[PDB]
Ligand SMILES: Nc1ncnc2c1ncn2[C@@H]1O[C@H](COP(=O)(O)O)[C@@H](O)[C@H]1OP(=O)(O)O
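Single chain ahead, written as structure tokens, the form deposited without the named molecule.
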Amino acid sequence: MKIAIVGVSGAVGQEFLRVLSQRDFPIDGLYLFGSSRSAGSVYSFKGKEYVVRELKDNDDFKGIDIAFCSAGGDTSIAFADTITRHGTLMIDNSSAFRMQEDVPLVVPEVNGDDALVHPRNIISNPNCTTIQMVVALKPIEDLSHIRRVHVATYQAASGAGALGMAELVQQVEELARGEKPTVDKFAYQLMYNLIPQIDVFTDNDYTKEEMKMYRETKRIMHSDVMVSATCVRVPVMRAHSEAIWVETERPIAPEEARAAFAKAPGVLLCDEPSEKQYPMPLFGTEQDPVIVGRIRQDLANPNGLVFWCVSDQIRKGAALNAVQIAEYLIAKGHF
């Protein structure tokens, strides 16, 4: 198996290097690609050193089985033709192709079989916050169909990439020193604040991030489910939190939901109120599961269930999900 990483310089591209090693992904050849800014940089992987090639509209992807791309939708749109020119399967972290009906939109725990059919040899990774939500929703859906979801997100600085993380940390230093906080990558100061806007606004006054949770969830779950989200930036480094109300066609008691979560792939149940055990982003950082807790009945709806969950944006929210798609296809004999 010959593997490409397109966009290796950033937080997610570095996570691909870590995950692919940690999970002993089968690799006979590794090929790193980036923009002219990253061309010529050196990275070591499993005891050997690799030199980044500039992504050009040529034949560099001949012989490459899978290309994991974390270079942004700009690059994916412009170079998808190049990457797939010689039969390479492009697993795209970008939002570029997520609404194309001939592009599968995959979370392996939920709709892994959708990955098997990729007429454009493109598969798209969903948005971070969608991935974490549907991993939690799938075990509930299997009990009784989910009609409606209200979700409030508490989303980390990593959503704005490594520069967003660095801005938050520098604000902590400036504030401790009594200096003015530098504000740049976020629209307002983030330390000691909450910004109830992630991505640009759309015509219905939801942001693009909130509409992704509406549109992508339907595709992934093959569902008429309607998700209304309020997505808020919070002073957390790289794990996202979600407060979720789910309405099902029949009531699900917390004990039935708890039993389903305890058996669900990709989920870690952490729900012991008497021990103050609940998901928190600081402890879900750099961990694989979607961590679920605060499970209770919905006081406002007899058909409602309420819970809280956490996942790492860089792992399950990005690179881990993409590797798990690739592992799923390997496991079904696709290669």
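Numbers follow the displayed sequence, beginning with 1.
The next section is about a form of this same protein that is not shown, the form solved in complex with the named molecule.
Of the candidates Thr88, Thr75, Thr207, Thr248, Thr75 is the one whose heavy atoms come within 4.5 Å of the named molecule in the bound PDB entry; the others do not. Residue-level contacts in the bound PDB entry: of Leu32, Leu55, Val290, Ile66, one residue has a heavy atom within 4.5 Å of the named molecule, and it is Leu55. Although the partner is absent here, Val8 lies within 4.5 Å of the named molecule in the bound PDB entry, judged by heavy atoms. Interface membership of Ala156, defined by any non-hydrogen atom within 4.5 Å of the named molecule in the bound PDB entry, is ruled out. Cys231 falls outside the set of residues with a heavy atom inside 4.5 Å of the named molecule in the bound PDB entry. In the bound PDB entry, the named molecule sits within 4.5 Å of a heavy atom of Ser38. Here the chain stands by itself, but in the bound PDB entry one stretch of 262-270, 277-285, 66-74, 298-306, 66-74, has heavy atoms within 4.5 Å of the named molecule.
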